[PDB]
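Below you'll find the structure, written out as structure tokens, and then a few comments.
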Amino acid sequence: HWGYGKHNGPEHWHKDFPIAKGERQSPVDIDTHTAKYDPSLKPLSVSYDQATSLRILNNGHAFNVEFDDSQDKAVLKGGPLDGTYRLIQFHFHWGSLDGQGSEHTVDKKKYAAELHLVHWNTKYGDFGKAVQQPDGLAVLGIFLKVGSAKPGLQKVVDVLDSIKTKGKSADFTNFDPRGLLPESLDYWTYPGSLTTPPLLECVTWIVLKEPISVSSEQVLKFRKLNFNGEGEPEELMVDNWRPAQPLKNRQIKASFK
């Protein structure tokens, strides 16, 4: 099945998921000079005060922190969005080295990692329905650079020892995703896709301009995770990022000049 290795990585995914060569694939390179400032865009509204995290899971590709999305507890609104999008999970993509790991790039620059906060449009009732709609999902993407520690990440880092291998889960309650947000909510936005199979073209991407900083020790802990299950040959979970895809007939819009 799909992964990030030599024989099953991003260049192979199109054989099982032909939409991999579609017209609105993600990630993309964000050319900051050709993105268009759009004054019709509203400020984002990030309402995470009542977020209820449940669990953390190693799914063999990344790790996901899952939320209770059965009520409007943590929602994204505004910006380019019409309606209310509920937080269902977040996860990261990261590199084997500090100079790679992000999915989106900015003027071809790669960051050490990228955080995806995944939200679905409540008009569609559940996540599985939402992914089948062109406006089903809103993903808030946040770059990570290596520098000072991010205190709000540490609880995640702490628990990774409990989910080293594929299929392991752990209780992960009372985590506050606000502690992963940078100061500014200035963003770029474009229509795109999931960055992993099934690569569905259901995402309004909102990529924040300002990265967060995490420490060398924090990223190193991500790199100790395993793609494999317990008792299978150890393969470190690193470089779990899809490279930039062609923009095709899309314009990236900026909320800021």
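Lettering and numbering for the structure tokens are positional, with chains as A, B, ... in the shown order, residues counted from 1 in each chain, and ligands counted from 1 in the shown order.
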>> Give me the residues near region 239-253 of chain A as a PyMOL selection string, where near means some atom within 7 Å (using only C-alpha atoms) and where sequence neighbours in that chain fewer than 5 positions away do not count.
In response: chain A and resi 4+10+23+25-29+35-38+61+93-96+101-104+188-190+195
Take the residues from that selection and write them out as a short mmCIF file (atom, residue, chain, number, x, y, z; two decimals), in the first residue's frame, keeping C-alpha atoms.
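Written file, out_30.cif:
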data_model
loop_
_atom_site.label_atom_id
_atom_site.label_comp_id
_atom_site.auth_asym_id
_atom_site.auth_seq_id
_atom_site.Cartn_x
_atom_site.Cartn_y
_atom_site.Cartn_z
CA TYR A 4 6.75 7.47 1.42
CA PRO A 10 4.24 10.05 -3.86
CA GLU A 23 -6.64 19.79 -11.44
CA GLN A 25 -3.91 18.85 -6.03
CA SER A 26 -2.04 19.84 -2.86
CA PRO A 27 0.42 20.85 -1.62
CA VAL A 28 1.72 23.66 -3.83
CA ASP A 29 4.51 26.16 -3.86
CA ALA A 35 -0.26 35.62 -4.76
CA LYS A 36 -3.04 38.19 -5.02
CA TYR A 37 -4.10 40.34 -2.08
CA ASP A 38 -7.87 39.97 -1.79
CA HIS A 61 1.80 7.56 7.96
CA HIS A 93 4.36 16.12 8.28
CA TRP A 94 8.11 16.38 8.93
CA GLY A 95 11.55 15.69 7.60
CA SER A 96 14.68 13.66 8.35
CA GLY A 101 9.57 18.31 5.96
CA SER A 102 6.87 20.77 4.98
CA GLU A 103 4.38 19.99 2.21
CA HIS A 104 3.66 23.51 1.12
CA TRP A 188 -2.76 32.47 1.96
CA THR A 189 -5.72 30.52 0.60
CA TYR A 190 -6.37 28.32 -2.46
CA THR A 195 -2.16 15.57 0.70
#
>> Just want the 7 Å neighbourhood of residue 216 (chain A), counted on only C-alpha atoms, with same-chain residues fewer than 4 positions away dropped. Output as a ChimeraX atom specification.
In response: /A:146-147,220
Writer output for current selection, C-alpha atoms, as a CSV table (one decimal), in the first residue's frame:
chain,number,residue,atom,x,y,z
A,146,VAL,CA,13.5,24.8,14.3
A,147,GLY,CA,14.5,27.4,17.0
A,220,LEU,CA,14.0,14.9,17.0
>> Could you list, as a PyMOL selection string, every residue within 9 Å of residue 55 (chain A), counting only C-alpha atoms and ignoring same-chain residues fewer than 2 positions away?
In response: chain A and resi 53+57+64-67+169-173
> Between A:142, A:174, A:208, A:217, which one has atoms that come closest to residue 51 (chain A), using only C-alpha atoms?
Replying inline: A:174
> From the set A:257, A:108, A:12, A:145, which residue has the shortest atom-to-atom contact distance to residue 213 (chain A), counting only C-alpha atoms?
Replying inline: A:145
> Between CA of residue 224 (chain A) and CA of residue 198 (chain A), what is the distance, to one decimal in Å?
Replying inline: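 Result for CA of residue 224 (chain A) versus CA of residue 198 (chain A): 26.2 Å, one decimal.
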>> Write out as a count of residues only the set of residues from region 83-160 of chain A that DSSP, computed on the backbone, places in strand (DSSP E or B).
In response: 32
> Quick one: residues within 6 Å of region 129-141 of chain A, only C-alpha atoms counted, chain neighbours fewer than 5 positions away excluded, as a list in words?
Replying inline: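 My list of contacting residues is residues 115, 116, 117, 118, 119, 120, 121, 124, 202, 203, 204, 205, 206 and 207 of chain A.
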